[PDB]
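**Q** test case, fold it:
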Amino acid sequence: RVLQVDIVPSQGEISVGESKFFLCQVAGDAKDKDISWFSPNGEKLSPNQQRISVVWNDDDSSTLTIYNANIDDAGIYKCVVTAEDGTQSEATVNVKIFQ
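**A** Residues are numbered from 1 along each chain as shown. Structure as follows:
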């Protein structure tokens with residue numbers, strides 16, 4: 001329809017103690033748009049909870065920063081956007097972590 005989303009890089013391998021941010025870019029113009037991030041455990045993550053700090057910069061672009069990385073964080077993160085009526089798009093990123 002209009003909503004577009006893409007996380008970069010597609011697959012980001014990392015090591016414990018290293019940081020890693022994933023750029024969630026978007027494209028479209030289907031009414032007001034929102035952004036969300038879902039941790040590999042099947043649940044949204046907060047921006048002020050742990051080493052994983054989220055941020056919203058551009059009109060609808062948001063980066064998923066993960067400072068002190070851990071094997072627990074290593075997983076398929078998600079980036080879901082939502083429309084004014086309800087039409088929500090999405091994206092993903094295979095983030096790895098080796099101890």
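**Q** and after the helix or strand where residue 26 lies, which helix or strand comes next?
**A** According to DSSP states H and E, residue 26 maps onto strand 20-27. Next along the chain after strand 20-27, taking DSSP H and E as the criterion, comes strand 34-39.
**Q** please identify the buried residues of that next one?
**A** 35-39 (16 or more other C-beta atoms under 10 Å). Heads up, the C-betas are built off the backbone N, CA and C, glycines and all.
**Q** tell me what it is packed against?
**A** Contacts defined by 3 or more C-beta pairs under 8 Å, 6 or more residues apart in numbering; DSSP states H and E place strand 34-39 against strand 20-27, strand 43-44, strand 52-56, strand 62-66, strand 75-82.
**Q** can you tell me what sits against that strand?
**A** 24, 26, 44-45, 52, 54, 56, 60-62, 64, 73, 75, 77-82 (C-beta atoms under 8 Å, 6 or more residues apart in numbering).
**Q** cool, and stretch 2-17?
**A** Contacts for stretch 2-17 (C-beta under 8 Å, 6+ apart): 20, 22-30, 33, 64, 66, 68-71, 74, 77, 79-81, 83, 87-99.
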